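Chemist: no sequence for this one, just the structure:
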């Protein structure tokens, strides 16, 4: 598998709550691509959901400063604190303050992973804010338009399917993408 296919496989095993399979694929990503923080972020999410939340907190603390992963790891720190038996509201609010501060200046990759992490939780209306910002910063990134077209599928409303299908076609003209092709296929299924 290519790195994007490992990442999108983990995003789906996360949607299906397969927490140990996430650790298997994340550990393969750490062996194949060990300089990339995103597989370490998924490994920390897997240890959180197994219930090794102290390990997950330290695994996020090891990577939270890294620019491509800081937003999604701060969102996962909020979730880890909320899963804990004694939720630290001050650490949650301090993490929300870091998210709101970084959201002003964040790069394209950081906003893409923030939208994808909110999409794990089904927070599609919040994910749209980060992906709209990603598109406006990037002057129309095709990865941004493909995920906006997927958020236009996940909200279910019919007229957005025509817009979504055009955004998948316009993403595909530059080259094939598995998630963009699946978005086109799902528009055809919805019609």
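Modeler: Alright, I've got the coordinates. Numbers count the residues shown, from 1 in each chain.
Chemist: contacts and neighbour counts: CA atoms only from here.
Modeler: OK.
Chemist: centre-most residue in this structure?
Modeler: With the centre of the chain defined as its mean C-alpha position, the nearest residue by CA atoms, centre = their mean is residue 116, 2.2 Å away.
Chemist: quick one: it from residue 10, how far?
Modeler: When CA to CA, to the nearest Å is the yardstick, residue 116 and residue 10 sit 11 Å from each other.
Chemist: over to residue 140?
Modeler: Using CA to CA, one gets 26 Å for the distance from residue 140 to residue 10.
Chemist: before we move on, what about residue 176?
Modeler: For residue 176, the distance to residue 10 equals 20 Å [CA to CA].
Chemist: neighbour count for those two, which is higher?
Modeler: The residue with more neighbours, out of residue 176 and residue 10, is residue 10; 24 against 11, by other CA atoms under 10 Å.
Chemist: measure the residue lying closest to residue 178 once chain neighbours are set aside to residue 191 for me?
Modeler: Distances taken as CA to CA, 6 or more residues apart in numbering place residue 5 nearest to residue 178, at 7.9 Å, with adjacent residues excluded. The span separating residue 5 from residue 191 equals 27 Å under the rule CA to CA.
Chemist: have a look at the two and say which one is more surrounded.
Modeler: Taking other CA under 10 Å, residue 5 and residue 191 do not tie; residue 5 has more neighbours (13 against 9).
Chemist: list the buried ones in the helix or strand containing the more buried one?
Modeler: Using DSSP states H and E, residue 5 sits in helix 3-15. Neighbour counts over helix 3-15 (16 or more other CA atoms under 10 Å) mark 6, 7, 9, 10, 11, 13, 14 as buried.
Chemist: need the contact partners of that helix.
Modeler: Contacts of helix 3-15 from elsewhere in the structure, counted by CA atoms under 8 Å, 6 or more residues apart in numbering, are 19, 21-22, 25-26, 29, 33, 39, 42, 116, 120-121, 178.
Chemist: swap in stretch 126-135?
Modeler: Residues external to stretch 126-135 that are found in contact with it (CA under 8 Å, 6+ apart): 103, 107-108, 111-112, 114-119, 141, 144-145, 147-148, 151.
Chemist: redo that, cut-off 10 Å
Modeler: For stretch 126-135, the surrounding residues in contact (CA atoms under 10 Å, 6 or more residues apart in numbering) are 103-104, 106-121, 136-138, 140-148, 151-152.
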